[PDB]
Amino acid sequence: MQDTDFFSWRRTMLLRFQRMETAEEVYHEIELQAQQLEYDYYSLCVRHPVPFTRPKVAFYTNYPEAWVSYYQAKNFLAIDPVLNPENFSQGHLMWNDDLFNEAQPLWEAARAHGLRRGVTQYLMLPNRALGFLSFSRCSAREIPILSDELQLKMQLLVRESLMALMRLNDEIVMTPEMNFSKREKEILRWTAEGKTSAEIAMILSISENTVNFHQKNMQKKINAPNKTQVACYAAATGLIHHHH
């Protein structure tokens, strides 16, 4: 089946995001597209895969500054439904009351700051980071628009905006950098396979001290105590394989 005005909307937005230049342009276009769907505020959170124990959650938003501060103050992240992929279908999640039954103080606090309606689309990025694009309005008024239309528009928006920010190396999306050589990564592959410094020397046909140097060298770059952190981080973000 085919029927094209959305197909043209798609084409136009792909080009527009590709021809951007600044992270400020990105934020601005989201702010625009949200208003095009009659949403007042937007929001773009990014759950990083690392650190494992205290996951970095970078974000930028045009929310009321008072709300951003309050949300952080009472740490609602720990209970926020819309930042929990389990609640999503097709990477889409509509805001309703029943969704916040376990996080009631967040639900009331958000209303007290003018966030009465909303919606969130999400996507996992090549660096295994979870990107969440949330729209919100202060009007409980009914804005009728086809559900299928909304999903696909946001499906594209959340993707191309974060893909842009990655091409621009923005701090919001960029995982901790680890500029490793091809040999360094080769050594780290086997390290994650559980191979010892001794065994890796045999495979690569090099001195056992040469392996230990590379290992300590990588640790130094990213400031890590042992090879376990280096390898786990490298595996957690897909450096051992896939994209860069």
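All residue numbers refer to positions in the sequence shown, first residue = 1.
Engineer: Determine, for stretches 200-208 and 63-71, which one has the higher mean CA B-factor as deposited.
Structural biologist: Comparing averages over the C-alpha atoms only gives 200-208.
Engineer: So, looking at the entry's B-factor column for Cα atoms, which has the higher mean, 84-92 or 139-147?
Structural biologist: Result: 139-147.
Engineer: Sort 191, 35, 43, 179 by C-alpha B-factor from the entry and give me just the highest.
Structural biologist: Each of 191, 35, 43, 179 was compared by C-alpha B-factor; the highest is 179.
Engineer: Please say which third, lowest, middle or highest, residue 47 falls into when its CA temperature factor is compared across its chain.
Structural biologist: Tercile = lowest for this residue's CA B-factor.
Engineer: Considering only modelled residues of the same chain, in which third does the CA B-factor of residue 12 rank: lowest, middle or highest?
Structural biologist: Middle third, going by the recorded CA B-factors of the chain.
Engineer: In terms of the CA temperature factor given in the entry, to which third of its chain does residue 30 belong: lowest, middle or highest?
Structural biologist: For residue 30, the deposited C-alpha B-factor lands in the lowest third.
Engineer: Splitting the chain's C-alpha B-factors into thirds, which one does residue 100 fall into?
Structural biologist: It falls in the top third of the chain.
Engineer: Going by the recorded CA B-factors, say which third of the chain residue 218 sits in, lowest, middle or highest.
Structural biologist: Bottom third by C-alpha B-factor.
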